[PDB]
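The next block holds one structure in the form of structure tokens; read it before the comments.
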Amino acid sequence: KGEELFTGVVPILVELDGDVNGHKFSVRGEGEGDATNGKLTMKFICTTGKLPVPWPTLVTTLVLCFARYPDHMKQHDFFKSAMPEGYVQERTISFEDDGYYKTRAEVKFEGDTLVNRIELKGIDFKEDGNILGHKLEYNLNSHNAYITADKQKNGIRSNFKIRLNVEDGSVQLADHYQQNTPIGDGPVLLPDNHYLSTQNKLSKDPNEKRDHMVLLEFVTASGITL
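The sequence shown maps to residues 3 to 64, 68 to 231 in the deposited numbering.
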């Protein structure tokens, strides 16, 4: 049923309130989602001034319901099946030799808009680290992420590592532990094991005078044969 809501192009609103080592900030994002092509186009603004962390560390936090699930795997799309009531997405993100993010989000429909509302807390970061020091390159490599179900919580989980590019050419790992639980009571599809493949293009708007990120993202599911 919830799959019906994603047959067309859907407007997206993202709202994040963050706090990293006492440095508070807010991000607002708007764009559109095209789940038929697994395509996502967004622009994000730091509405409080200067973003105190690098934009690439926030990409995974800032709507997997827009992944392209092939016909052979619609009976396993948890993210759309929990719609329109939506789901809670929680994550811990451990940055190698540095601090952690802990995030809680609700993803749901508000009217005709898909809304992702996030609270983020950053803890134990080094003011000389790559994060608070803004020592990361402005990009994000393509990644694969393995999705498994947790029938004992009526949800799904995922663990995956992001390899962030550092300005000196080194790589800094960001280990993601993710849990999704539906907001409503109704039944949801729990899936067999599968993968989501993601490609990300980060860019800038030359007329934008605020701290910002333009994002083009493709997410496609695979790993189950009919």
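Beta carbons are placed, not taken as given, at the ideal position from N, Cα and C, and that holds for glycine.
- Rounded to the nearest whole angstrom, the C-alpha separation of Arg30 and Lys45 is 8 angstroms.
- Of the candidates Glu172, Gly160, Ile123 and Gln157, the residue whose Cα lies closest to the Cα of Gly138 is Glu172.
- DSSP, read as helix, strand or coil, puts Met88 in coil.
- In the DSSP assignment, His25 forms a beta bridge with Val22.
- The Cβ atoms of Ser163 and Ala150 lie closer than 8 angstroms to each other.
- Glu32 carries a strand assignment under DSSP once its states are collapsed to helix, strand and coil.
- The beta-carbon distance between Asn146 and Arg168, rounded to whole angstroms, is 6 angstroms. This is short enough to meet the 8 angstroms contact definition.
- Under the three-pair Cβ rule at 8 angstroms, the region 23–39 does not count as touching the region 184–204.
- For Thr9, the number of other beta carbons within 10 angstroms of its own is below 16, and it is reported as exposed.
- Counting other Cβ atoms within 10 Å of its Cβ, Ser208 stays below 16 and is therefore classed as exposed.
- Closest in alpha carbon position to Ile123, among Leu141, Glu5, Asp21 and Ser99, is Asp21.
- In this structure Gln157 is exposed. Its beta-carbon is surrounded by fewer than 16 other beta-carbon atoms within 10 angstroms.
- Its chain contains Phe46, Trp57 and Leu207 as the residues whose beta carbon lies nearer than 7 angstroms to that of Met218, once the 5 sequence neighbours on both sides are disregarded; these appear in chain order.
- Membership of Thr225 in the beta strand (DSSP E) is indicated by the continuous run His217 to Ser227.
- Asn170 is positioned such that its CB atom lies closer than 8 angstroms to that of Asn144.
- Around the beta-carbon of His77, fewer than 16 other beta-carbon atoms lie within 10 Å, marking it exposed.
- With respect to the C-alpha of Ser227, the residue from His181, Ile98 and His81 having the closest C-alpha is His81.
- Short of 7 angstroms from the beta carbon of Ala154, and not among the five residues preceding or following it, lie these beta carbons of its own chain, in chain order: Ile161, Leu195 and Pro196.
- In this structure, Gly35 lies near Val68, with their beta-carbon atoms less than 8 angstroms apart.
- Ranking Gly191, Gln177, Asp216 and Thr230 by CA distance to the CA of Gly91 puts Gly191 first.
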